[PDB]
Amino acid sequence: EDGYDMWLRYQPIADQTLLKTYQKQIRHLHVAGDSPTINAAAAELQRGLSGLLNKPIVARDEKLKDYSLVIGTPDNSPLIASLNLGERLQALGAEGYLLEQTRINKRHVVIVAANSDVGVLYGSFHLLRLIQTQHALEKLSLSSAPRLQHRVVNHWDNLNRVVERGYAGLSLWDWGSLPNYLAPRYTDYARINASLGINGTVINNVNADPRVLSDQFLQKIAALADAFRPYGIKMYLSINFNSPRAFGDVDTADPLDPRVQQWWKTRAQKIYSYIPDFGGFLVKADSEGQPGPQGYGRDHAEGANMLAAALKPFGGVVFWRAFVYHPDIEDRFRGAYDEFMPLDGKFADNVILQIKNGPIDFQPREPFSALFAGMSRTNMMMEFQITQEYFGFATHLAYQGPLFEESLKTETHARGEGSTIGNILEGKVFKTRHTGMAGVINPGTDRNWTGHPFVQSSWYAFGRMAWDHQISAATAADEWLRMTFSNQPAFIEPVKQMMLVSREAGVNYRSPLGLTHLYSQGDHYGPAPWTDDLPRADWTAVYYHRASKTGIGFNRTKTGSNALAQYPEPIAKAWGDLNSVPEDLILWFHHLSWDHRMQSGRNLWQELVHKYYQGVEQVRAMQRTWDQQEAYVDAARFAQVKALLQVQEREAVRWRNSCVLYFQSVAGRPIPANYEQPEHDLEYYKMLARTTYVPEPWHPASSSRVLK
């Protein structure tokens, strides 16, 4: 097991009784259709069923045989049409499917039926998943349709093939051999994403390289798009707003300039000549030095609409990111909301505002982005991070399922109860037309795609949740563990629980209680809560925690930055009252004295220390849990996760020690005697922050030769 297949491991069902049952139920595979998508579905079922059932199952178009799996649409499979499914199929729409044990002219069958070929493909992957997870096929009757329209992944890949916030190898796209070499891996990539119903990919870095729009690169990108197409995945690109200038064609990029408007229109024509079903653009503009409309004194609606007008005749969309924050504002937390709220309703209908889960930057825990509850006349979509920029690169185990779930199930009270982020995204709250979720996965050429085996689980959960935003982290983990490792109940329970606690452990040893942004800058591997004196205050650590001899936290109430007023009244009220604010968010909104007593009875200093120590204990507990699973996992992956957990434990101790000693140096309070006292001082951990290897090719810190 080297992880290349990820969760698509088509190995024989271990339970012999169950295996026999599947073998009796699926003896033949009937596929009448022959489109590229149907053919991809057939191919998947062929390899999948043959592997899982340990017998040769070949897709055929022949007179129906007893005990068949029959796939298709009423349009491409008369057998499916003969069942007269009607209203049952109607509700599935353009991407849904029905899986059902039934009969066709006295023959026993299980059907995968849909209105479209892609629906048949998604349904075929679910059929496989049921077997992979050892679910019974007898009396099967289920239907599913995706709840969001655009279910995409994002890749922060540079054209040199180094991935920004990439801990899993080089970029998968081998530009030197494209378009000539259609690598099998491109197809496998497509299979992985389609197995989750993911229908879009943005392949290049948001810090965008204008070369992706040149003929040279469009020919290469088109070959990729060709490989992704049968799997229902549309191609999207991040764009550099200053492209007209970069190409040397226009002396400005001002979106109101007719020459600029024409340049993008002509470029869209060029793109669509190569890729007739091209999805559209992802845009990082006027943010962190990336160009944009504000550079020409224009607003983001003006910029977005100009791009949207170029894509409109071809059916393309603009995913415009809300990740924008100016250095001179009082509070970064307020940034995106204050930038975009005045523009609500000014964006064209093929513009969707892509918003991170929280208002800062993918930190271990953030409150929901106020924009989700405030924009009522603009299409929105969620942006989640899978790559572990802030959860420990490829060395820490951190299932992100619980972060995604927490976000998606968060009540916002935007329009009554039930205004959850997931319901907002689905478009039911504000009644919008284009919906979605984007996941920054940043995989690479490493054999297992993700570096750390458990990053696979985060990609998995992301895709499942993009399909149904009410799917729990537990459910996703249960499926993933079964598909990736084992169906043994004794393995599944403790490993699932271990997965489920991993996120919270990562909050605890880094920045609990509402603390945030305590990372080494700008690599983000290790602790640096002392960070100050950077060109912009909002890049530092002290800006966020504001720790002093008397207290800690950031006042976002009416007496502080008043960011709570950007939220619906019930949220402002709950978080602004010390009696009701969740402790897991408290320091986001309140600057509190160290003697403030927490629910546990500890003062805030004591609680801080307790949480940091708890995170390390949670990792140590994960280590023990993992060790108890040796009999259920292959030797290689077992050894690899065991070793990574040792690195994680070492780093978690460094995090704990660095933070606790730092905050001690500011508060002047002792670490309670029952905890293990760090043997070294704060300077030693500052030295370690300067010298501990940063394991990521992209960030300059990995090349740092500092040795003191």
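Numbering starts at 1 and follows the sequence shown.
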- Between 140-148 and 510-518, point out the one with the higher average CA B-factor as the PDB entry records it. 140-148
- Query: Got a sec? Mean C-alpha B-factor, which is higher, 456-464 or 628-636?
  - Reply: 628-636
- Based on the PDB entry, the highest CA temperature factor among the options 195, 204, 559, 472 is that of 559
- Item | Which of 619, 110, 408, 483 ranks first by CA B-factor in the deposited coordinates | 110
- Task: Sort the modelled residues of this chain by their C-alpha B factor and say whether residue 424 lands in the lowest, middle or highest third.
- Result: lowest
- Query: When the modelled residues of the chain are sorted by Cα temperature factor, does residue 418 land in the lowest, middle or highest third?
  - Reply: highest
- Query: Hey, what third does residue 296 fall into on Cα B-factor, ranked over its chain?
  - Reply: highest
- Chain-relative CA temperature factor third for residue 134: highest
- Of the three thirds of Cα B-factor ranks in this chain, residue 46 occupies the highest
